[PDB]
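Student: Chains as they are written, first to last, in the authors' numbering: chain D, 3 to 501; chain B, 3 to 501; chain C, 3 to 501; chain A, 3 to 501.
Even for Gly, the Cβ is constructed at its ideal location relative to N, Cα and C.
Protein chains: 4
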Amino acid sequence: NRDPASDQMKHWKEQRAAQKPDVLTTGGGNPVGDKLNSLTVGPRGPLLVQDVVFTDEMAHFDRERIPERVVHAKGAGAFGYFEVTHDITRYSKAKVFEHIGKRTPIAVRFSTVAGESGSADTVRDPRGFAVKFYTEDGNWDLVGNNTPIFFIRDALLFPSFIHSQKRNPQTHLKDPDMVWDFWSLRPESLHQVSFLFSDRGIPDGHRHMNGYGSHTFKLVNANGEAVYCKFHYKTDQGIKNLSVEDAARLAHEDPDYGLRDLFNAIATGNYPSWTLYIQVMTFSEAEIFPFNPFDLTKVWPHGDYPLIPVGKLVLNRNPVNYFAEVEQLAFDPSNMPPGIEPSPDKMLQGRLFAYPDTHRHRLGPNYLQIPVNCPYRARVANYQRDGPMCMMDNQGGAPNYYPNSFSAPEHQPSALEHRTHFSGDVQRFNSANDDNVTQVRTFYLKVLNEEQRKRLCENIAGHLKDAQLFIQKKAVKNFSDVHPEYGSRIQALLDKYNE
Amino acid sequence: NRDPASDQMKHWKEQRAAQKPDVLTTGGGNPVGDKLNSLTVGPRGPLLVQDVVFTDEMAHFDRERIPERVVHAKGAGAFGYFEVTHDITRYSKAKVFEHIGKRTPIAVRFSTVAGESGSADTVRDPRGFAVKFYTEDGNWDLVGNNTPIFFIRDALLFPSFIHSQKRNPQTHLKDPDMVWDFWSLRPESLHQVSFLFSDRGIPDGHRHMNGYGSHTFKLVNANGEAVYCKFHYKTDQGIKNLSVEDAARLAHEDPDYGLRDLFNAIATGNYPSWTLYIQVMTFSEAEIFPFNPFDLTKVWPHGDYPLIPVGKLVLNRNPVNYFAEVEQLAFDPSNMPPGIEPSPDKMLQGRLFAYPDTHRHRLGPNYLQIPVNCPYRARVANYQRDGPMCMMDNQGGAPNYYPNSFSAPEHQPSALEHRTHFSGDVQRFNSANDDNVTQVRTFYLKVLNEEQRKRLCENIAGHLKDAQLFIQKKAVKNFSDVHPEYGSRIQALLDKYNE
Amino acid sequence: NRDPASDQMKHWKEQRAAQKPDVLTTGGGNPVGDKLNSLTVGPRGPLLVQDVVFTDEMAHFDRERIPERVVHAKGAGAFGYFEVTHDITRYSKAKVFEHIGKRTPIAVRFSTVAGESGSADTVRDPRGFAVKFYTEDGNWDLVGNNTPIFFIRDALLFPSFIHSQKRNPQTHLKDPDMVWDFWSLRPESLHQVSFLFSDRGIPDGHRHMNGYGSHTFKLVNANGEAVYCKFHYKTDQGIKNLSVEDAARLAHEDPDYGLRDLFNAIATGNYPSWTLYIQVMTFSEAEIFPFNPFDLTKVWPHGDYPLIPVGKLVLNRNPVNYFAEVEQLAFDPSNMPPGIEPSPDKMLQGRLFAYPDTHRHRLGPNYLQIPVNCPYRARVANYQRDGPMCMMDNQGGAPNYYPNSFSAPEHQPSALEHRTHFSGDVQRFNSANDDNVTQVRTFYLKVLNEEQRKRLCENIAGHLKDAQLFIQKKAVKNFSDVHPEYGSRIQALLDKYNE
Amino acid sequence: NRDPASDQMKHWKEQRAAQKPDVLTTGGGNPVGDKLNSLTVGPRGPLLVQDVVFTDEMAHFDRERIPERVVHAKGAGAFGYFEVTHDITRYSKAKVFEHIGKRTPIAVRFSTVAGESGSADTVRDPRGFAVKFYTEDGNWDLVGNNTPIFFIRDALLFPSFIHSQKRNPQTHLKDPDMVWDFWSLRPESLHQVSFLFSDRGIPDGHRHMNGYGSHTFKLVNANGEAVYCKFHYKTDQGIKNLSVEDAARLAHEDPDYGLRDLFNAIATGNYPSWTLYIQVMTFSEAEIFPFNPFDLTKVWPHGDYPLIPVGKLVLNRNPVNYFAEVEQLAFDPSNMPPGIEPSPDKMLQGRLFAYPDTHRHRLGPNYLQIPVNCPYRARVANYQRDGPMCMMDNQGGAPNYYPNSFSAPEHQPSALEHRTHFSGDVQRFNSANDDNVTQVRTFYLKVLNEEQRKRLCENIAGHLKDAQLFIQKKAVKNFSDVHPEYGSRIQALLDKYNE
Ligand code: HEM
C-alpha cells in the first residue's frame with residue numbers, strides 16, 4: 003500500500019462498503035435527474051435559465067473561497083486533548099488546570115508566516131503553533147509560535163513588518179530590499195532574526211518543534227494573588243530540523259510536507275505530544291528584572307526562572323473536512339477564562355484587538371458559531387443578537403437588554419479581573435532602544451556552538467546578499483554591535499557573494 | 003391583563019420556574035464579572051483595549067444588521083403544516099401530494115411590498131404570501147402574493163417597476179410622478195392596478211386575504227404526462243379589508259398591526275388556515291386559450307377552469323426569535339421538487355434566477371444552511387463544498403467530484419424534468435401589447451359592483467392627483483380604454499382635486 | 003408648479019433639454035438593444051442564460067441594499083460650509099479654527115434613533131445631528147445630537163439600552179416593558195428621559211433644533227496647553243416643536259416630513275444655519291466641578307461656563323444622489339485633527355472604537371474611499387494597502403513598510419497628542435450611583451414652566467401606562483426621587499389610565 | 003545595480019527627486035505624531051482604546067485580504083494596446099475592428115489553474131490568457147487559455163473537474179486518485195490531457211505561448227449576416243517550453259518566475275506581442291462539420307479553416323500597484339460588444355453566468371466600478387443603482403425607471419442580438435460520447451513526433467503511477483482507444499514505476 007493520507011478516498015469508500023450511494027440533490031434538497039448534462043433546447047441549442055440544477059451548483063462553486071489569513075495562511079491542523087499532570091493551582095484558578103488528570107479537548111493549527119495558501123511548508127520562517135482549549139469557562143486560545151520571542155516590541159510596527167516580509171506592492175515579488183531595510187532600521191529584530199536564521203529556522207515538520215506563548219502572561223489564584231508567567235510546551239518527539247538542502251528539495255517535491263507528516267503520524271497511531279511548562283515571575287521580581295519583563299524581544303533565563311511542568315498536549319485525531327475544521331479555525335488571544343489574564347506587553351495588548359477583528363472580516367460576524375470555534379464545553383448566554391448567518395436559535399425569546407427584571411443571564415462577580423495599579427502620563431513611550439543586543443550576543447555565544455554559528459552566518463549572508471550595499475552595511479553594523487565576530491563573518495561572506 | 007404579544011417577557015420569565023438565571027458570558031463562553039462598568043485606569047481615567055468584554059459585545063452590536071429584502075422588507079411569519087385532503091396524484095407525482103392526510107411542515111411569511119423595514123403594515127400595496135414546504139424531495143417554495151396577477155409580464159421591467167414604487171433617487175421621497183409615469187407608460191399594469199386600488203388593496207391583517215401562486219406552473223404525474231396549473235389558497239377566515247380611514251389611523255396607531263394580529267391569534271389558539279386549490283389547463287387548451295396562458299397579467303376564468311380542492315394550510319406556531327426564523331427566511335421559486343415545474347411565464351423564468359441570487363447577497367453563500375432555510379425533511383448530498391460561514395461538517399471527507407468510483411452521491415433519472423418541445427428564433431419578443439384591457443373591463447363592470455367602483459376611482463384619484471397633468475392625461479387614457487366610464491369617473495375626481 | 007422636491011424629475015429633464023438622451027448600457031458599458039423584453043426561444047418560449055442584459059441588471063438590483071445603520075437609520079442629509087466668526091486660537095490650534103472668516107466644507111446628516119429605515123420622522127425620539135468638517139488636517143467628525151446629555155454614562159450599557167428601545171426579540175413589536183424596565187433599573191437616565199418627553203421630544207423638522215457634542219472634549223493650543231470643552235450649535239431659525247397630536251397626524255400623512263422640509267428649505271434658498279459655541283473648563287476647574295465633568299448625564303451650567311462664540315454652520319446644498327451621499331455617509335468621533343482630542347468620558351471612549359468598526363461592516367473595509375467620506379481637503383498618505391473594493395491607485399508603488407530608507411511618508415511630531423497624567427488601579431469602577439437627580443430637579447423646576455411640566459408628565463404617563471405595574475412603581479419611585487411633585491403628578495395620570 | 007524588478011523601490015525613491023516626503027496620516031487624513039510607539043499609561047502600562055492611530059491602521063491591515071480566484075489564482079498582469087492590421091469588417095461590425103490601424107487599450111492577465119496564490123509559476127497546468135479590450139461599445143473580455151481546447155464539454159462537470167484537480171477535502175493534499183479517477187471516467191478529457199502532458203504543459207514564462215478563445219463564437223456584420231469563428235493570438239516571441247527538470251528547479255528557486263520575467267521584459271522595453279487571427283465557419287459548414295462544431299474538445303483543422311489575420315496585441319506597461327490593477331482585475335466572457343456574440347457551446351453558455359457571478363462575490367456587487375474594471379472608453383448609463391461601496395455619483399438624480407418621460411437613457415435597436423433559430427425538446431442531451439478519440443489520435447500521431455510522444459508518455463506515467471491500479475487500468479484503456487501504442491507505451495512505463 004501507500005500512506006494513509008494517499009488512501010483517504012479508498013478508505014472512505016471502504017468505510018461505506020455495503021451501503022449504496024446516496025441520492026444527489028440540489029442545495030435545497032431537490033433530487034437531480036442528471037447532473038452531468040445541461041438543460042438546452044435541442045442537442046446543440048442554448049442553455050436555459052430554467053436549468054436551476056446548474057445555477058445552484060455553479061453559484062456555490064463561484065463562492066467557495068474566503069480570504070486567507072492575512073498571516074500564517076499556509077497551515078495544517080489536528081485535534082486532541084490536554085491533560086493536567088502537575089498541580090499549579092497555587093498560581094492559577096483556571097478550571098483547565100483544576101486538578102491532575104483533568105482532560106480538556108483541544109484544537110491545534112501549525113503554520114508558516116509569510117507565504118500564501120499555495121506556498122511550501124519547508125521554508126525558513128517562524129512557525130505558528132496555536133492551541134485552543136475548550137474549557138468549562140469557555141475557550142482559551144494560546145496562540146504561540148515555535149520561538150519564545152519576536153522581531154518587534156510594539157504592535158504599530160507589525161503591519162509594516164509583515165509587509166516587508168511579503169510581496170513588493172508593484173512587482174508582487176519577494177523583496178530582499180524590503181526585508182533587510184526594515185530589519186536594518188529596527189535593530190530590535192536581531193534576537194529573533196538570529197533564531198530564525200539558525201537551524202531552528204526550518205523545522206522538520208510540526209512534530210519536532212517547540213511551542214511557546216512568547217508573551218509574559220498573568221495568572222491569578224483563588225485568593226486573588228497574581229504572578230506573571232510564560233507558557234512553554236516542549237516537543238516530546240524532540241527537536242529536529244531540515245538542512246537548507248533537504249528543505250529546498252522538499253519545497254518542490256512536496257510543498258505540503260508538514261501537512262502530510264502530521265496526518266500520517268496521527269493516522270498510524272503515532273500521536274504527537276508536547277509537555278506544557280510555565281516559568282513564573284512575581285511582581286516583585288518583575289520590578290527588578292534587568293530588562294523590561296514584558297519586552298517580547300527577550301526571554302526569562304531558565305536559571306533564574308526554572309520551567310515548571312503543568313500538563314501534556316496530545317493530538318490523536320485528524321480533521322474530517324479540512325475547510326470546515328482547519329481553514330475556518332479561529333484563535334483569539336483575548337479568549338482567556340478566569341485565572342489567566344494578559345500582561346502589559348505592548349504586542350500582546352494589540353493582539354487582544356487584532357484577532358477577533360480580523361476574524362469578523364475573514365470569517366464573518368458570527369464566526370464564533372462555526373462548530374470548530376464554538377465554546378461547546380461552556381454555555382454561551384448573553385445579550386448579543388442577530389448578525390449575518392445567525393445560526394442556532396439566536397438565544398430564542400430571552401430578554402435582550404441588561405439589567406432586566408425577567409431572569410436573563412447575570413453577572414459572575416467571582417469572574418472579575420485582577421486589579422493592578424498603574425501610574426504615568428498618557429503618551430507614546432519610545433521602546434526602540436530597550437537593549438537590542440545583550441540577549442542576542444548570548445544566544446550567539448552560549449546558545450549556539452561554533453558550527454551552528456557557521457551556518458547562521460551563511461544563511462544570513464545568502465539572503466542579505468540580494469539587498470543593496472547600503473542596506474548590507476547597516477545590516478552588518480547591527481550584527482557587529484551584538485558581537486564583532488558576528489558582523490565580521492557575515493561581511494566576509496557578503497564580500498564573496500558580492501564577488 | 004394584556005394580550006399575549008405584550009406579555010412576551012412576562013411569560014419567558016415565569017416559564018423558567020425558579021431556575022437560577024444563566025451565567026453571562028462573552029461570545030467565547032468566558033464568564034463576565036461585571037458587564038455594567040468599563041475597564042479604566044482610575045474612576046475618571048481612559049478606557050483600556052484590555053477590556054475585551056466591551057469589545058466583544060460592542061463589535062457584535064456593531065454587526066447586528068443585514069441588508070433588508072430589496073422588496074417585501076416589512077413582514078411577519080408563522081409556522082405550521084400542510085395537509086392533503088384530496089387526491090390530485092392524477093396531475094402531480096410530487097411527494098407533498100402523496101396521499102390524503104399526509105402532512106408537511108410549512109413556514110410562512112406575509113409582507114407589504116414597497117415600504118422598508120420600519121414602515122407601517124396597514125398601507126395600500128400588494129401582500130406577499132410565501133409558503134415553504136419542507137418535503138422529502140427537498141423544499142418546495144411557493145412564493146405567492148395576495149393577488150392572482152401582477153403589474154407586468156416581463157422580468158426586465160421588474161427593477162424599474164420597483165424603483166418607481168420606492169423613493170426618488172435624489173430626495174428620497176415617495177414620488178407620485180415616478181409611480182404614474184411608469185404605469186401610464188405601461189398599460190399592462192391596468193389589471194393589477196385595478197385590484198390594488200379596490201378594497202382588497204388594504205387587507206385587515208394577514209389572516210383575511212387569499213394567497214395565489216399567480217404564475218402558471220406545470221404539474222407532472224408518475225406516467226410522465228404533463229398539465230399546466232395555477233395555485234390558489236383561500237382564507238378560511240374570510241376576506242376582510244380595512245377602510246382607507248382606519249388604515250391611515252393604524253399606520254401611526256400601530257405600524258405593526260399585522261404582526262400583532264397574527265402573533266396574538268396563534269398565541270390564543272385561534273390558528274388561521276387556508277384551503278389550497280388548483281386550476282388545471284391541458285397543453286391542448288393552452289394552444290387555443292384566447293390569451294397567453296403564461297401572461298402574468300391574466301387570470302384563468304373559473305368558469306372554464308374551476309378550482310380543484312387539494313389540501314389545507316394551517317399556521318399554529320409563532321416564531322421564537324424573529325430575526326433567526328423570519329428575517330432570515332429565504333424562499334426560492336426555483337425550489338421545486340419532482341412533479342412540479344415552471345412554465346414559460348417570462349416573469350417566473352426571471353424569478354428562477356433572482357431569489358437564490360439575492361439570498362446569496364442578503365444572507366450569504368451558505369444561507370440554505372441557516373436552520374429555517376434547511377430542507378431538514380430531506381437528505382442533502384452533492385458535490386458542493388466550502389463557502390463562508392460553513393456549518394455542518396461540510397459533508398466530511400466524501401469524494402467531491404462527480405462522477406467518481408468511490409460511492410459518493412448519484413443522480414437519479416426518476417427526477418428528470420418533463421420534456422416540452424420548442425421551436426423559434428432567439429429574440430426579444432415584444433409583449434407590451436398582449437391585450438391590456440379585455441380582462442380589466444370584466445373586472446371593473448362584471449366583477450365589481452357600483453358601491454366599490456366608486457371607491458376604486460376615488461382611491462386612484464386620491465393618489466394620481468399629485469402627478470403632473472400630462473401624466474394624469476395619459477393615465478386617464480388607459481383607464482378609458484378599459485371603459486369610458488372608468489376613465490371619465492377618474493377624470494371628474496381629478497378635476498375637483500386640481501381645484 | 004409644486005414644491006422643489008416634487009419637481010425633482012421635471013427639473014432634471016429641463017436642465018437636460020435639447021440634449022440627446024444617452025445610450026442605455028450594461029454595467030460593462032455594452033449598448034443594449036431592447037431592455038424591455040427578455041431573450042427567449044420563440045414568443046412563448048424559455049428564458050436564455052444568454053440573456054446577459056437581464057442578468058447584469060437583475061444581479062445588481064438583487065444587490066442594491068446594504069445593512070441600515072444599527073441606530074439612527076432614518077435620516078436626512080445636506081451640505082454646506084463652516085465659517086469661523088470668532089477667535090478661539092488660545093484654546094485650539096486646530097486648522098479649522100485658524101482665522102476669522104475661514105471656510106471649511108461640511109456634510110451633515112440629521113436623524114431619529116430607534117426607528118428603522120422606513121419609519122416616520124415626526125416621532126418622539128432624540129435627534130442625531132452629525133457634522134463632518136473636511137479640514138486640511140483631515141476630517142473632523144462632530145457626531146452630535148439635539149441634546150447636551152444622554153441616557154447612560156458607560157458604553158457597556160449602550161447595546162442594551164438600544165435593544166430596550168427597539169423591538170421585542172420574539173414578536174418584533176415595540177415593547178414598553180423593555181423600555182421602562184431598563185429605564186426603571188438605571189435612574190441615571192432620568193435627565194435625558196425628562197428632556198426626551200418635554201416639547202423638545204419632537205422637533206419641528208431638523209431646522210428648528212440645536213446640536214450638541216454632548217461629551218466633554220479636550221482642546222489644545224499651539225503652546226501645548228489643554229482645556230476641556232463642550233460644543234454647542236444653536237439654531238438660527240429658533241426652537242420649534244410639533245405638538246403630540248400634530249406629530250401623530252404627520253406620522254402617517256408624511257413619514258418623511260423632516261426630509262422634505264430640509265430639501266425644500268435649501269432648494270428655495272432658505273439656507274438653515276447654526277451658531278457654533280464652546281464652553282471651556284480648565285483642568286483646575288474640572289478638578290472642583292460639583293459632578294464628574296466627564297459624566298454624559300450632566301451639563302455644565304451656563305452661568306459658570308458661558309457659551310463662547312466660534313462660528314457658523316450653513317447648509318446650502320442638497321444631495322444629488324441620496325444613497326451615495328447620505329445613506330453611505332460615515333461619521334467617526336475618532337476623526338479628530340490636531341488641536342481636538344477626547345476627554346476621559348467613558349461613553350466617548352467607547353465611541354472611539356464603535357463607529358469605525360460598524361462602518362467597516364455596514365459599508366466595507368475601504369468606506370473612507372467612498373467620495374463623501376474621503377478627506378478630500380487633505381492628502382491621505384500612509385502604509386495601509388489593499389482590502390475589498392480598493393479604489394484609486396492604492397498608493398501606487400510607494401514603499402509599504404515603515405520605517406524605510408526610500409522616502410515614503412513620515413509622521414509629524416507636531417501632531418503628537420497632549421500628555422495628561424493618569425494614576426489609579428485598573429478596574430471596573432461603578433458609576434451607577436453618580437448623582438442621578440440633582441440636575442434633573444433643576445431641570446424640572448427651574449428649566450421648565452408649569453405649562454411644560456404638565457404635558458411632560460402626560461407624555462411620560464401616556465407611554466409608561468402600558469408597562470407592567472411593578473415597573474410603573476419603580477419608574478415613579480425614580481421620578482419622586484427627583485422631586486415628589488414629579489413622581490406624584492405621574493402617578494395621578496397613571497392611576498387614571500389604568501381605568 | 004540589478005534587474006528592473008529588483009530595483010522597484012530604488013527607482014521609486016529616485017523618482018521623487020528631492021521632493022519632501024508626504025505627511026503620514028490616518029485613513030481619515032489626520033496627521034500622525036508617532037506611528038512607531040503605542041499609546042499607554044506609563045512606559046510599561048496598558049494600551050488605550052484612545053490610540054486611534056493604532057486601531058485605524060491595524061483594522062485595515064486585518065482586512066487586506068479578499069478571496070483569491072476560485073481557479074487561476076496565481077498570475078501576472080500587464081497593459082498595452084490592440085491594433086488592427088487587417089480588415090475583417092465583412093465578418094464583424096464590432097467597433098474594435100472598425101478600421102486598420104485602430105488602437106484600443108487592453109489589460110491582460112496570465113495565470114496557472116490549480117495552484118493557490120502562493121503556488122509556483124513553473125508547473126504543468128494549462129495557462130490563463132485573458133485579454134480585456136476597453137472599447138467604445140464597452141469592454142470586450144476575451145478570456146482565453148494557452149490551448150484551443152479543454153478537458154470537458156458541459157459546464158455541469160466544471161466544478162467537479164476543478165475539485166478533482168485541487169486538494170483532497172480531508173487531507174488538503176493533491177490527490178492523484180481524484181485527478182485520474184475523474185479523467186479515466188470522462189475520456190472526453192483525452193484531447194486536452196494530451197496537450198497538457200506534452201511540452202506545452204510547461205511554457206517558459208508567459209511571453210512564449212499562444213492564446214486561444216477556445217470556444218467557437220459568433221461574429222455579426224453590418225448586414226445582419228453571421229458566421230462562427232475561433233480566436234487565436236500566436237506569440238511573436240515564438241513557442242518556448244521549460245524542461246520538466248528545469249521547471250522543478252525554478253519551482254523552488256523562483257516560484258514567481260513568470261511574474262518576474264514579464265515585468266522585466268516590459269521594464270527593459272522588450273514588449274511582448276501576439277498576432278491575432280480568426281478561423282471562420284459559415285452556418286452551412288457548421289451543419290456539415292464531422293463533429294459538433296461547438297464541442298470544446300474539438301479544434302477546427304487549419305487546412306479546412308485557415309487562420310485569417312486581424313491585428314496585434316502588445317503589452318508595454320507594467321502595473322504600478324499589483325493588487326489594485328491585477329488582483330482586482332475581472333474578466334467576464336459575457337462582456338461582448340455588438341458584432342461579437344456567443345455560440346451554443348455548452349461550456350461557453352455556462353461561463354456567461356459564472357464570471358460576473360463569482361466577481362460579485364470575490365470583489366463585490368460594484369466590482370465594475372473598480373478603475374481597472376471600468377469601461378472607461380465608454381459612457382455607462384442605465385437604470386442600475388446603489389449597492390455596497392457605490393462610487394462616483396451613482397448616476398446622480400437621473401430618473402431610475404425605464405421607460406420614462408424624463409429623457410433618461412434609451413436602448414438602441416442597432417445593438418439587438420443576431421437572430422438564430424432553434425427547434426427541439428427541452429432536455430439534458432448527453433454529450434459524453436461525442437467522439438472522444440478521433441482528433442486525439444491525430445494529435446498523438448501527426449502533431450507530435452516520436453521524441454515528443456516519448457516524453458508525453460513518460461510525463462503521464464510519472465503522475466498516473468501514483469493512482470490506484472484499477473484507476474491506472476481504466477485510464478490506460480482510454481489511451482488505448484486513442485491508439486494501441488499510446489496506451490501500451492504508458493502501460494510499459496507504469497509496469498516499471500509500479501516496481
Ligand atoms: C502586534 C502583534 C501581532 C498582531 C497584530 C498579529 C496579527 C495576526 C493576524 C491578523 C493573524 C490572522 C488571524 C486569522 O486570520 O485567523 C495572525 C495569525 C497568527 N499569529 Fe499573530 N499577530 C501578532 C503577533 C504574533 C505573535 C508574537 C505570535 C506568537 C506568540 C503570533 C502567532 C500567530 C499565529 C500562530 C497565527 C495563526 C493562528 C492560526 O493558525 O489560526 N502572532 N496574527
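Is there a C-beta anywhere in chain A that falls below 8 Å from the one on residue 384/C?
Tutor: yes
Student: Can you give me the C-alpha to C-alpha distance between residue 167/C and residue 59/D, rounded to a whole angstrom?
Tutor: 42 Å
Student: Run down chain C in chain order and give the residues with a C-beta less than 8 Å from the C-beta of residue 487/A.
Tutor: Under the 8 Å cutoff, chain C gives no residues; its nearest Cβ is about 42 Å from residue 487/A.
Student: Given a limit of 8 Å on CB to CB distance, which residues of the segment 411-445 of chain A reach chain B?
Tutor: Cβ contacts with chain B: 418, 419, 421, 422, 423, 424, 425, 426, 427, 428, 429, 430.
Student: Any Cβ of chain C within less than 8 Å of the Cβ of residue 230/D?
Tutor: no
Student: Kindly list the residues whose CB is nearer than 7 Å to the CB of residue 200/C, restricted to its own chain and excluding five residues on each side of it in sequence; keep chain order.
Tutor: 450, 454, 458
Student: On the criterion of 16 or more Cβ atoms from any shown chain inside 10 Å, does residue 212/C qualify as buried, or is it exposed?
Tutor: buried
Student: Hey, could you find the ends of the alpha helix (DSSP H) residue 186/D is sitting in?
Tutor: Unbroken alpha helix (DSSP H) run through residue 186/D: 178-187.
Student: Excluding the 5 residues flanking residue 393/A on each side, which residues of the same chain have their C-beta closer than 8 Å to its C-beta?
Tutor: 368, 371
Student: Looking at C-alpha atoms only, which residue of 318/A, 409/A, 153/A, 443/A is the closest neighbour of residue 15/C?
Tutor: 409/A
Student: Residues of the segment 166-187 of chain D in Cβ contact with chain C at a cutoff of 7 Å, in chain order, please.
Tutor: 166, 171, 172, 180, 183, 184, 187
Student: Identify the contact partners of residue 402/C in chain B, using a Cβ-Cβ distance below 9 Å as the criterion.
Tutor: By Cβ distance, chain B contributes nothing, its closest Cβ being about 25 Å from residue 402/C, past 9 Å.
Student: Does the beta carbon of residue 363/A sit closer than 8 Å to a beta carbon anywhere in chain B?
Tutor: yes
Student: Find the nearest neighbour of residue 404/A within the set 158/B, 240/B, 109/B, 48/B, judged by alpha-carbon distance.
Tutor: 158/B
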